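Take a look at the letters that make up each chain.
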Amino acid sequence: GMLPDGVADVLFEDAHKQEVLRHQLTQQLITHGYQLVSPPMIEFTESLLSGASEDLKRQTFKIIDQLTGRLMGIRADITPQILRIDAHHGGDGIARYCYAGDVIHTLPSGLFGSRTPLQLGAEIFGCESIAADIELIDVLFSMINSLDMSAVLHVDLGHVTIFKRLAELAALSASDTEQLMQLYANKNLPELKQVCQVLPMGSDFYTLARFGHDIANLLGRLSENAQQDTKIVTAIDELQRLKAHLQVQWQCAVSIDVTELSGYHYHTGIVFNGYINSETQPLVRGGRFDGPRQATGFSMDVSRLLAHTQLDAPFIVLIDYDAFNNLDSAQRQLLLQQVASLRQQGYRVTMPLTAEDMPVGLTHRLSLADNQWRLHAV
Amino acid sequence: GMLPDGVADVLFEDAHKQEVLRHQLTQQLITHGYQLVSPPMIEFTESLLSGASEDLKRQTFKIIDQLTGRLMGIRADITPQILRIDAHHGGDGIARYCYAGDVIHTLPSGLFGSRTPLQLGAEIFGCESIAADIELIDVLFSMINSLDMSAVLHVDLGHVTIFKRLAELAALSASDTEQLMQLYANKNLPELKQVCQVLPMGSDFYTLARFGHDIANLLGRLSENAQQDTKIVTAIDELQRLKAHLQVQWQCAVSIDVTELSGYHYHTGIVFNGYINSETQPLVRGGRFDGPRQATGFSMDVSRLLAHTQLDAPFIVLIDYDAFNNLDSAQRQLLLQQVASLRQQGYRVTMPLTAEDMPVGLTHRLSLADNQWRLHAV
Amino acid sequence: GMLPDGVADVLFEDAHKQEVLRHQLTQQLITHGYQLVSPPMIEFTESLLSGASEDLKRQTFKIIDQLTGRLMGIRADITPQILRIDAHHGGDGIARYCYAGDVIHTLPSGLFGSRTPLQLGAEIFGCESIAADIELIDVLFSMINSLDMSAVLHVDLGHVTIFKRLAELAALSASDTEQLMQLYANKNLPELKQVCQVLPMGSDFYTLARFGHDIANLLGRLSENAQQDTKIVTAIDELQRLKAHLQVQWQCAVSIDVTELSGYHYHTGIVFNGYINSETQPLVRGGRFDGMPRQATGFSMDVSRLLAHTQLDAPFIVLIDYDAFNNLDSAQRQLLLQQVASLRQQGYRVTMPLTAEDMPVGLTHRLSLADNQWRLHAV
Amino acid sequence: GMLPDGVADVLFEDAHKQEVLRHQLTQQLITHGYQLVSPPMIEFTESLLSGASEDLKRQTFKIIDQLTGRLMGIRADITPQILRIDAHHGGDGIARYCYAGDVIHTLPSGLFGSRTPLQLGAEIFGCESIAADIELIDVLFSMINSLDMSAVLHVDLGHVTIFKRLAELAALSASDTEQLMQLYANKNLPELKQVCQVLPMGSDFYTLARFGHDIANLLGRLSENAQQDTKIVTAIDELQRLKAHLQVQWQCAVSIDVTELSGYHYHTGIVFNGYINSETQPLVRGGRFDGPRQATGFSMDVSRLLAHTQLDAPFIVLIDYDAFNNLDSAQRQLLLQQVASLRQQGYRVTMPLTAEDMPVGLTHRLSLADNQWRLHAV
Amino acid sequence: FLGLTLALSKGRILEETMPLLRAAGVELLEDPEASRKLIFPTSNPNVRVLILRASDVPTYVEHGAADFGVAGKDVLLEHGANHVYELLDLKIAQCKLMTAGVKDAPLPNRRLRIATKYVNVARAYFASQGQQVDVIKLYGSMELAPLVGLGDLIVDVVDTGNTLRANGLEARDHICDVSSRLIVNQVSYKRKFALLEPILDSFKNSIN
Amino acid sequence: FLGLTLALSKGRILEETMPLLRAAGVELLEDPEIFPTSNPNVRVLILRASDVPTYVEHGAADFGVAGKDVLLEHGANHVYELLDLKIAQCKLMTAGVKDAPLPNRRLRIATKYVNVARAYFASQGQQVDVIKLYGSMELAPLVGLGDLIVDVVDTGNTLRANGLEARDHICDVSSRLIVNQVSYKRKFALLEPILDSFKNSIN
Ligand SMILES: O=P(O)(O)OC[C@H]1O[C@H](OP(=O)(O)OP(=O)(O)O)[C@H](O)[C@@H]1O
Ligand SMILES: O=P(O)(O)OC[C@H]1O[C@H](OP(=O)(O)OP(=O)(O)O)[C@H](O)[C@@H]1O
Ligand SMILES: N[C@@H](Cc1c[nH]c[nH+]1)C(=O)O
Ligand SMILES: N[C@@H](Cc1c[nH]c[nH+]1)C(=O)O
Ligand SMILES: N[C@@H](Cc1c[nH]c[nH+]1)C(=O)O
Ligand SMILES: N[C@@H](Cc1c[nH]c[nH+]1)C(=O)O
């Protein structure tokens with residue numbers, strides 16, 4: 001019957017495509033030195049939601065473990081599981097992880113969004129350098145480029161460090177922070193200009209909204225206390241390094257938004273959002289977080305790639321029923337070797353049960369003509 | 001960070017192996033003319049558990065759709081989803097489907113069983129002939145043989161039709177059926193002999209447990225009322241046909257048990273259980289079902305193959321940190337092309353972030369000697 | 001069929017007794033100025049377990065609210081619900097609450113203990129004075145005395161403040177605290193004397209175990225650093241005030257144990273445990289819990305533990321003779337029903353029979369017609 | 001401190017009222033020869049749900065016994081527990097039981113229904129006679145009348161025997177029964193007339209819905225096959241007997257609905273629903289049920305009486321703080337004796353801790369004037 | 001090792017099983033009682049024997065560490081034999097599971113305290129008699145339990161009743177009849193039936 | 001009977017306890033291999049080691065001698081562990097087949113000490129499958145019932161003789177004096193003389 005909103009079958013060629021994408025992309029990440037981990041769909045909430053935002057807790061379906069009586073959750077995000085795994089196996093040095101798995105959300109994220117994304121991603125633990133953030137961009141764009149997509153990925157760079165340092169230096173109240181984050185999120189430039197004229201370093205908070213996009217000149221527009229702050233200068237330098245690397249190395253159109261606080265609230269520095277064409281929900285979400293242990297990574301919904309990737313039309317082959325049943329044992333063996341050869345080459349060959357047995361989307365018949373088996377387009 | 005009983009991470013090389021197995025086996029089934037379908041982890045219980053035994057209902061975690069207030073379930077089994085899909089897309093003709101997906105069980109099935117198997121399987125819909133049951137055996141053994149395992153698959157054949165016809169002909173109560181199914185499941189021959197001396201056709205129910213294994217002579221041991229039943233004679237003939245096919249075609253040791261009713265109670269005929277070595281929980285479960293459409297198929301936990309499959313040792317390459325950083329732009333570009341070539345060949349190459357950046361299980365260094373980059377075993 | 005361990009039917013006269021005890025004791029608390037509240041069996045865990053020990057969290061069965069998908073619990077303790085209620089209704093002044101309700105525990109506390117106690121209790125919110133702790137003892141002993149029990153309640157006074165101040169002043173590690181609490185709990189005096197000879201203020205920790213019972217002289221046995229601590233001197237003074245009040249006012253045998261840290265870990269000061277005869281599990285548990293600040297002290301008891309120690313007068317179970325009643329005219333029937341109504345008002349259990357064989361359980365009297373008159377007749 | 005929907009505190013005077021009602025009503029039932037039993041909140045599902053409808057199973061929260069690993073339930077209904085108790089203690093003769101206890105429902109029953117009713121009820125076991133059904137009505141109305149409520153109880157009589165005999169005689173399918181029960185529950189007369197024109201004895205099933213209210217003439221409207229069924233004629237005669245008894249003895253407005261099957265599906269005969277004023281959810285639910293043992297009884301949510309019952313205003317007394325503290329020991333002892341006397345008479349007396357210690361809803365002060373303690377309205 | 005592993009209880013079970021084995025072509029190559037060995041070879045090089053505590057036989061068999069074993073219905077009922085096949089009543093080491101109390105002492109009126117090895121059997125029996133009991137798990141000798149008032153009754157295995165009478169106890173209720181049974185691992189029965197069938201027939205022949 | 005009932009384990013515990021008892025004025029009047037003693041206040045029960053905590057916690061015995069191994073496995077919540085007697089010393093350890101390597105699955109542990117096993121592997125952040133054994137555990141790894149065993153180890157001779165070797169040290173084991181909570185409160189006057197004689201005997 002009917003399925004729940006944001007829950008869909010992936011059927012037939014879409015299912016084949018998804019399976020190929022999942023596998024190609026996982027192998028790419030493995031060859032870039034990322035260790036594949038496959039953590040379970042369910043854990044105890046103690047481990048699954050250990051240091052989680054209320055948004056991640058609310059996106060996680062809860063169930064009761066009938067062995068212990070304790071609460072478990074269906075994972076809504078794998079990154080926290082990589083954190084648990086890294087804590088046990090990773091050590092103090094640099095560690096790389098990749099993953100592909102189903103995750104479930106209680107509610108859809110955007111208008112008619114999926115609640116069952118196939119989350120695929122990479123994490124680097126144990127490196128402070130912006131170099132780790134640059135390696136992930138390299139890996140991601142290596143993957144995107146291999147898909148030979150028609151659509152183009154627009155990347156949006158943010159940095160939460162910038163606003164957080166301004167909030168600390170200007171000694172903003174708990175509520176004043178909330179009012180600025182709301183005004184930033186709705187790009188209300190007029191009502192921001194009013195609020196900012198009464199706030200300490202208020203001109204700096206207005207500068208973020210008006211001139212944040214122009215990262216080349218942003219530092220030279222900030223107040224002296226801000227302009228000298230090491231964590232702000234580093235932050236703006238990290239954005240310039242990534243922006244440059246993305247344009248030069250990867251021919252990627254980058255836009256900067258230092259007022260972006262959208263994504264999982266465990267983000268602690270640089271943030272990247274990859275948008276495909278003019279789609280409202282980003283395909284790729286990534287940025288810095290904390291295991292203290294340094295961490296940066298990205299995730300994407302493989303299922304969002306389906307509509308933008310194509311595979312070669314498949315060869316769907318039906319062996320003629322009557323001809324096959326007319327064969328001696330030695331002649332049957334000879335055909336099966338030929339059929340095995342075709343399957344190895346990726347041909348979809350159906351050995352029929354009846355004269356009417358018809359594979360869906362038939363392209364070719366394997367027919368016997370002059371003591372020989374050949375493909376024949378229908 | 002302890003996990004619930006029957007829930008384990010699949011990590012590192014095991015995760016790589018699982019990913020390769022999932023993909024090889026899925027592609028095999030696709031090339032045998034099975035349509036890949038990827039149904040969601042969650043549906044409404046109305047569709048997910050439509051015509052399900054208490055056993056399948058009890059294994060399914062329940063969760064609340066906050067959009068409608070209605071009950072959903074985390075699937076414990078994909079076969080019912082293939083049924084839903086086939087009902088809409090399949091038509092009246094023969095249809096083949098394959099699938100690979102995570103399923104969750106509330107309780108483990110056997111001693112120290114998983115609650116998070118990676119269920120992989122095939123279904124044939126729309127063929128009454130034992131020929132469809134024989135194709136699936138052929139496809140399954142094609143798959144098992146391709147894995148080049150040391151371990152060997154013992155096949156157990158059953159047939160639920162036999163007991164169900166005896167239950168109808170002897171007009172057994174709801175509770176008497178339960179007491180016999182409990183006794184059959186522990187093959188308690190003494191306590192069964194006592195119970196059977198007071199039941200109508202009771203000797204026939206005892207005959208199943210004592211002499212079910214000897215399928216060649218089983219019919220000649222049943223009551224005249226039973227021997228006259230066409231559905232019982234067909235059932236015993238189907239077991240003989242499959243037993244013969246498995247020994248002749250596949251050199252497979254087959255054991256018969258006509259009292260096997262421990263598989264999912266949506267089974268309506270022949271049942272197959274594949275055991276790997278001396279492991280209590282079967283690797284493969286299959287049989288006929290009918291939730292007005294003919295259907296037969298099998299499922300296996302891909303994760304149970306891990307301990308019995310091996311891959312070639314991987315090539316894990318680290319580029320020398322100091323040498324790479326000594327390169328001009330043109331020299332760096334030249335290396336990245338060489339590194340891209342290695343990854344395409346399946347080499348796992350780490351571009352290092354620091355002098356200490358060490359990949360796990362390092363096999364080779366890519367080192368610069370006399371303006372040239374070559375592999376060196378450590 | 002069979003019931004789960006620590007789950008029992010309360011049947012027949014035990015059920016009647018339990019019902020009378022629940023009601024008498026609830027009315028007593030109401031007349032002492034405690035407001036009766038009846039909070040539900042189930043809440044969201046957010047409110048039910050708000051500031052709870054891992055022991056209270058582990059004793060609480062969890063269930064899923066199918067309206068929201070959110071976690072709920074079957075309450076294992078009502079006190080946290082009184083806290084929620086007080087937070088909304090109580091205001092800043094003094095507020096008194098009483099309650100009687102079923103609570104469920106996941107595991108039993110003692111050998112073959114109940115998992116389904118009928119928790120009855122009182123809480124005073126908004127008073128710092130030891131006077132509030134003294135009022136609760138007065139109310140409790142008012143209740144215990146009204147039951148006319150043969151068994152006697154032994155009261156054990158503790159104070160968590162004493163050990164916690166010694167732990168802070170001697171700057172004990174997290175693990176050293178655990179080793180001392182384990183040794184205290186098993187009264188291992190030898191292995192404690194060894195551990196204490198190497199600890200800072202170690203002699204004070206040994207003094208608690210050896211000489212804690214003698215509260216009159218405890219202060220004069222402690223180190224100068226300890227004796228100077230106001231929170232320790234207050235604590236030992238609170239024990240002396242309650243010990244005196246219990247012996248003088250209530251003729252109660254009091255024992256002091258300043259190593260008792262065994263109740264719900266939300267306790268923040270004075271603790272009382274009432275033991276009935278020589279029973280291992282206490283009947284009454286009470287103490288301070290300033291911490292949601294709002295001041296709070298109260299007690300709870302399992303009403304079901306009173307059953308074995310309380311008696312009611314044998315009941316009057318009356319059966320009207322079937323044959324005689326059916327021989328009556330309408331006016332004669334009406335006359336009997338008025339007499340039967342009178343008996344029921346007086347608490348007689350009268351069965352108007354459906355058949356000649358209709359027999360009430362434990363029949364004491366027949367209402368029989370003899371010389372055109374209805375009288376009770378012992379069987 | 002928000003609560004789940006259908007969960008409410010009963011606070012202060014409402015809690016006092018509820019406690020008085022619970023006790024008055026329990027004592028009434030005890031004096032009418034009903035044995036008080038207090039079964040636990042939790043049992044194993046094996047005993048709690050032994051022979052239960054899907055509706056009772058769905059209303060029962062499940063929890064895990066950590067001692068055995070087995071499933072338990074929080075009772076949603078006490079009647080099944082009385083059945084278990086009666087089975088062991090009751091014997092073959094007549095047995096009466098009463099109970100008051102909290103029960104928990106997973107979902108609310110109707111529009112803004114409680115999930116935590118205080119279920120109070122009586123059961124008669126071991127009598128076939130309609131006389132037992134008449135005693136319970138007499139006991140119930142004795143209880144209702146004792147409450148001196150302004151609101152009035154409307155009684156709805158049904159009989160499940162009537163529909164169940166028609167279902168057996170017309171040999172209805174499992175699904176046809178479901179479609180009729182759904183249509184009956186919303187008294188959809190048009191869509192029922194359509195369904196009934198194709199069903200065997202379909203006109204009889206339509207007659208129930210259209211002319212069920214007119215019990216005097218219902219028999220003369222049924223098919224000859226139906227009219228000759230003794231169990232149907234008895235059923236319609238039992239409704240007439242109870243309808244008459246309720247109007248004559250109790251001056252009660254009775255409405256009949258022979259299609260009311262919305263109570264718990266363990267009902268085997270007569271069913272009673274008591275509605276208070278124009279409230280959608282009935283206050284009282286009762287009917288016949290079966291073990292080979294006769295049983296009839298009723299239950300009510302004591303909490304639903306609160307809004308319709310009143311108690312005498314309470315006397316809330318505060319002893320003057322300053323005066324009491326001015327007393328010698330002998331004078332204090334003298335006051336406590338006077339205070340003890342007041343409490344025995346049901347006065348609510350607060351011995352104050354401070355000068356500001358104010359009982360809620362203070363009515364009187366106990367004040368010292370000329371070496372004497374007297375009450376004074378404030 | 002590719003053949004059958006037979007799990008045997010030491011003592012009464014072992015001595016009464018040797019004749020059935022001998023007839024099936026399986027002789028032990030020495031006397032276990034005077035050996036520091038737990039894996040024993042036999043004259044049939046397919047079959048080897050494990051000497052276990054009686055309570056561990058179902059465990060070894062259900063997990064497939066042994067392919068088949070001999071254990072009393074008492075141990076099987078207590079353990080739960082859901083994961084093995086009880087193929088044969090061997091009619092050796094016959095006794096009964098019974099309740100037992102102090103001689104001539106009557107049942108007290110309070111909640112019955114039962115002290116026993118057979119905790120699950122105890123709960124099951126008293127459930128079926130509509131009696132609610134407190135059960136205390138004992139690993140060792142149970143005859144002491146009623147004499148120091150640990151339990152009101154014990155549940156134990158009883159043959160003549162001599163061990164009870166000698167300790168001042170007496171048998172009360174008959175729970176069920178006990179005999180040693182041949183149990184088989186479910187997988188071993190399916191995979192190694194060719195190796196088993198000859199020995200099962202020789203056991204079937206030895207009894208009838 | 002109004003005096004003290006002493007619960008004793010047969011074997012190693014019994015032989016090493018007789019000297020402590022003799023010094024406390026308690027000699028058994030015969031060799032066990034319910035017993036009166038020379039002190040007519042004290043009588044002795046000879047039990048399986050695993051039943052001593054059970055008899056003591058339920059008050060059928062007033063006090064007993066059991067190894068920390070049995071007390072840790074059973075849970076000693078309901079009794080008082082008054083004295084480490086420093087007799088019948090050994091260690092709880094994990095043990096496996098000599099030189100055999102860890103499998104890649106969840107480790108399967110075969111042991112009497114099921115709760116000790118779970119506790120230890122919990123504390124090492126490891127998840128294990130545990131199989132309960134009542135009898136001799138040395139056989140379990142050799143027929144692949146478990147990967148490791150948890151058992152009591154003194155010299156290690158029993159392990160080495162069966163082709164096993166000790167891996168991890170879980171904790172140290174000594175026989176302890178446990179006392180019923182009620183017996184400690186009600187019969188302290190009868191106990192104190194024997195507790196002091198036991199306290200004295202360990203010097
Ligand atoms: O009814 P009776 O004739 O008195 O014999 C029955 C007793 O025989 C067994 O003792 P044993 O210690 O020999 O058994 P086990 O060592 O094999 O456990 C068992 O423990 C019974 O108590
Ligand atoms: O000296 P080791 O080689 O380290 O072995 C010492 C043995 O002592 C224990 O049993 P013991 O026979 O002492 O007592 P029990 O029979 O009561 O278990 C334990 O089972 C060890 O195997
Ligand atoms: N897991 C994040 C992306 C991420 C991975 N690492 C850091 N950020 C998401 O789904 O949005
Ligand atoms: N899904 C079944 C196997 C099956 C597929 N089709 C029919 N039977 C199982 O996992 O047990
Ligand atoms: N609720 C606590 C007693 C208490 C009430 N208030 C303070 N303490 C208990 O169950 O032990
Ligand atoms: N327990 C039923 C009413 C009832 C009692 N006895 C028979 N019917 C209910 O609450 O709906």
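Residues numbered from 1 in each chain as written, not as in the entry; some residues may be left out. Chains lettered and ligands numbered in written order. Part of a larger assembly, values for the part shown. Heavy atoms only, no water. Residues with missing side-chain atoms left out of burial classes, pairs and counts.

- This deposited entry lists X-ray crystallography as its structure determination method and 2.6500 Å as its resolution.

Comments concerning the overall build of chain C
Consideration 1: Regarding its fold elements, chain C presents 14 helices and 16 strands.
Consideration 2: Radius of gyration (C-alpha) of chain C: 27 Å, far over the 21 Å computed for a compact globule of 379 residues.
Consideration 3: Expressed as lengths along the three principal axes of its C-alpha atoms, the size of chain C is roughly 90 × 55 × 45 Å. (Helix = DSSP H or I, 4+ residues; strand = E, 2+ residues; numbered from the N terminus. Rg over C-alpha atoms; globule rule 2.2 N^0.38 Å.)

Some points on the overall build of chain A
Consideration 1: Per the secondary structure count, chain A includes 14 helices and 16 strands.
Consideration 2: Taking 2.2 N^0.38 as the reference for a compact globule, 378 residues should give roughly 21 Å; the C-alpha atoms of chain A span a radius of gyration of 27 Å, well beyond that estimate.
Consideration 3: Based on the C-alpha atoms only, the size of chain A along its principal axes is roughly 90 × 55 × 45 Å.

As for the interface of chain E and chain F
Consideration 1: Each partner contributes to the interface: chain E provides 24 residues, whereas chain F provides 23 residues.
Consideration 2: Contributions of two or more residues to the side of chain E that touches chain F are made by strand 3 (47-52), helix 2 (57-62) and strand 8 (133-137) of chain E.
Consideration 3: Partitioned by chemical class, the residues of the side of chain E that touches chain F number 14 nonpolar, five polar and five charged. (Contact = heavy atoms within 4.5 Å. Nonpolar A, V, L, I, M, F, W, Y, C, P; charged D, E, K, R; others polar.)

Considering the pattern of salt bridges
Consideration 1: Across all of its chains, the model carries 93 salt bridges over all chains by this definition.
Consideration 2: Its salt-bridge partner being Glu19(A), residue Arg22(B) comes within 3.9 Å of it at the nearest N-O pair. In this pair, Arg22(B) sits in helix 1 (residues 13-31) while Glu19(A) sits in helix 1 (residues 13-31), so the two residues belong to two different chains.
Consideration 3: On the basis of relative accessible area, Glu19(A) is assigned to the buried category, the value being 5%.
Consideration 4: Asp86(A) is paired through a salt bridge with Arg293(A); the nearest N and O atoms lie 2.7 Å apart. (Salt bridge = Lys/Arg side-chain N within 4 Å of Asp/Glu carboxyl O. Buried < 20%, exposed > 50% of the residue type's maximum accessible area, 1.4 Å probe, protein only.)

A word on the packing of helix 1 (residues 13-31) of chain C against helix 5 (residues 130-146) of chain C
Residue and element names in this part refer to chain C.
Consideration 1: Where helix 1 meets helix 5, the closest approach of the two axes is 10 Å, and the angle between their N-to-C directions is 145 degrees. Judged by the twist between their axes, the crossing of helix 1 over helix 5 is right-handed. From helix 1, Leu25, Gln28 and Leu29 reach across to helix 5, where they touch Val139, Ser142, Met143 and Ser146. (Axes fitted to C-alpha atoms, helices over the stretch in contact; angles between N-to-C directions. Left-handed = near helix turned anticlockwise from the far one by under 90°.)

Description of the site of ligand 6
Residues and elements named next belong to chain D.
Consideration 1: Surveying the vicinity of ligand 6 reveals 14 residues, the closest of which are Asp77, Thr79, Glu123, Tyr266 and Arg285.
Consideration 2: A distance of 2.9 Å is found between a nitrogen atom of ligand 6 and a side-chain nitrogen or oxygen belonging to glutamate 123.
Consideration 3: Here ligand 6, which alone exposes 310 Å², has 96% of that area covered by the protein.
Consideration 4: Elements represented by at least two residues in the shell around ligand 6 include exactly strand 7 (118-125), strand 11 (284-290) and strand 12 (294-301). (Near = heavy atom within 4 Å. Polar contact = N/O pair within 3.5 Å; in protein donor to acceptor, adjacent residues only side chain to side chain. Areas by Shrake-Rupley, 256 points an atom, 1.4 Å probe, with all protein chains shown as cover.)

Details of the state of the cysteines
All names here are of chain A.
Consideration 1: Taken as a whole, this structure holds zero disulfides over all chains when the rule is applied.
Consideration 2: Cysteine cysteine 127 remains unbridged, with the sulfur of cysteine 98 as its closest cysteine sulfur at 18 Å.
Consideration 3: Judged by its relative accessible area of 5%, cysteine 127 falls in the buried class. (Disulfide = S-S within 2.5 Å.)

Observations concerning the sheet that holds strand 5 (residues 71-74) of chain A
Residues and elements named next belong to chain A.
Consideration 1: The three strands are arranged 3-5-4 in an open sheet whose pairing can be described as antiparallel. Only two strands of the sheet have a single partner each, and these edge strands are strand 3 (42-44) and strand 4 (62-64). Pairwise comparison of adjacent strand axes, ignoring direction, gives a mean angle of 40 degrees for this sheet. (Pairing = 2+ DSSP bridges.)

Notes on the arrangement of the chains
Consideration 1: Separated throughout, chain A and chain E approach each other most closely at a C-alpha pair spaced 19 Å apart.
Consideration 2: A gap remains between chain D and chain F, which never touch, and the nearest two C-alpha atoms on either side lie 14 Å apart.

Description of the site of ligand 5
All names here are of chain C.
Consideration 1: Surveying the vicinity of ligand 5 reveals 14 residues, the closest of which are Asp77, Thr79, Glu123, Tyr266 and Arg285.
Consideration 2: With respect to ligand 5, the side chain of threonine 79 contributes an N or O atom lying 2.9 Å from a nitrogen atom.
Consideration 3: Between an oxygen atom of ligand 5 and a side-chain N or O atom of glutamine 119, the distance comes to 3.2 Å.
Consideration 4: Of all the elements in the fold, those that place two or more residues in the shell around ligand 5 are strand 7 (118-125), strand 11 (284-288) and strand 12 (296-302).
Consideration 5: Its residues placed into classes, the shell around ligand 5 shows four nonpolar, seven polar and three charged.

A short note on the side chain of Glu43(A)
Consideration 1: Mapped onto the elements of the fold, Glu43(A) is located in strand 3.
Consideration 2: Taking relative accessible area as the criterion, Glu43(A) reaches 1% and is therefore assigned buried.
Consideration 3: For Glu43(A), the side chain forms a polar contact with the side chain of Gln81(A), separated by 2.6 Å.
Consideration 4: Within the structure, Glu43(A) has its side chain in polar contact with the side chain of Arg84(A) (distance 2.8 Å).
Consideration 5: For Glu43(A), the contacting residues outside a window of four places in its chain are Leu48(A), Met72(A), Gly73(A), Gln81(A), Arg84(A), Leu3(B) and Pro4(B).

Describing the packing of aromatic side chains
Consideration 1: Within this structure, the stated rule accounts for 39 aromatic pairs over all chains.
Consideration 2: Aromatic pair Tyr264(D) and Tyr266(D): ring centres 5.7 Å apart, planes at 20 degrees, arrangement stacked.
Consideration 3: One cation-aromatic arrangement involves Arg333(C) over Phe325(C); the distance from NZ or CZ to the ring centre is 5.0 Å. (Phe/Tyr/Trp six-rings, centres within 6.5 Å; stacked < 30°, edge-to-face > 60°. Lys NZ or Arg CZ within 6 Å of the ring centre and 35° of its normal.)

Looking at the domain arrangement of chain C
Residue and element names in this part refer to chain C.
Consideration 1: Splitting chain C by domain gives domain 1 (12-314) and domain 2 (315-379).
Consideration 2: With four residues of domain 1 at the interface, the matching set in domain 2 holds four residues.
Consideration 3: Interface of domain 1 and domain 2: buried area, both sides summed, is about 290 Å²; carbon and sulfur atoms make up 41% of it.
Consideration 4: For the domain 1 face of the interface with domain 2, the top three residues by lost area are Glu13, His16 and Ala314, together amounting to 96%.
Consideration 5: Seen at the junction of domain 1 and domain 2, the total is one salt bridge. (Domains from an automatic or database assignment. Buried area = accessible area lost by both parts, 1.4 Å probe.)

Section: the pairing of strand 15 (residues 364-368) of chain A
Residues and elements named next belong to chain A.
Consideration 1: The pairing of strand 13 (residues 316-319) with strand 15 spans three bridges and is parallel. For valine 317, the partnering residue across the bridge sits in strand 15 and is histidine 364.
Consideration 2: As defined by bridge partners, strand 15 adjoins strand 16 (residues 373-377) across five bridges and the pair is classed as antiparallel. Residue pairing in the sheet places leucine 366 in a bridge with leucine 375 of strand 16.
Consideration 3: Taken together, strand 15 and the strand that follows it, strand 16, pair antiparallel across an intervening segment of four residues, in which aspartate 370 is found at a positive phi of about 60 degrees.

Here's the deal with helix 6 (residues 160-169) of chain A
Residues and elements named next belong to chain A.
Consideration 1: Counting buried residues in helix 6 gives seven out of ten residues, a clear majority hidden from the surface.
Consideration 2: Elements that come into contact with the buried residues of helix 6 comprise strand 8 (153-159), helix 7 (174-185), helix 9 (202-211), helix 11 (224-228) and helix 12 (230-250).
Consideration 3: Where helix 6 ends, the next residue or the one after it, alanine 171, has phi of about 50 degrees, a positive value.

What to know about the domain arrangement of chain A
Consideration 1: Here chain A is described as being made up of domain 1 (12-313) and domain 2 (314-378).
Consideration 2: Between the C-alpha centres of domain 1 of chain A and domain 2 of chain A there is a distance of 50 Å.

Some details on unusual backbone geometry
Consideration 1: Positive phi, normally seen in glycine, also occurs at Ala171(B), with a value near 50 degrees.
Consideration 2: A positive phi is found at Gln251(D), a non-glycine position, where the angle reads about 45 degrees.
Consideration 3: Relative to the assigned elements, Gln251(D) resides in the loop between helix 12 (230-250) and strand 9 (254-256).
Consideration 4: A relative accessible area of 66% places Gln251(D) in the exposed class.

Remarks on the side chain of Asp67(E)
Consideration 1: Locating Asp67(E) in the fold gives a position in the loop between helix 2 and strand 4 (68-72).
Consideration 2: Looking at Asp67(E), the relative accessible area reads 6%, which means it is buried.

Some points on the packing of helix 7 (residues 174-185) of chain B against helix 8 (residues 189-196) of chain B
For any two helices packed against each other, the geometry is given by the interaxial angle and the distance between the axes.
All names here are of chain B.
Consideration 1: The geometry of helix 7 relative to helix 8 is characterised by a closest axis approach of 9 Å and an angle of 155 degrees between their N-to-C directions. The angle between helix 7 and helix 8 falls in the class roughly antiparallel. Like other packed secondary-structure pairs, helix 7 and helix 8 cross with a definite hand, here left-handed. Packed against helix 7, whose contacting residues are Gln179, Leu180, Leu183 and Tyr184, the element helix 8 presents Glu191, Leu192, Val195 and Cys196 at the interface. (Parallel < 35°, antiparallel > 145°, perpendicular 65-115°, else oblique.)

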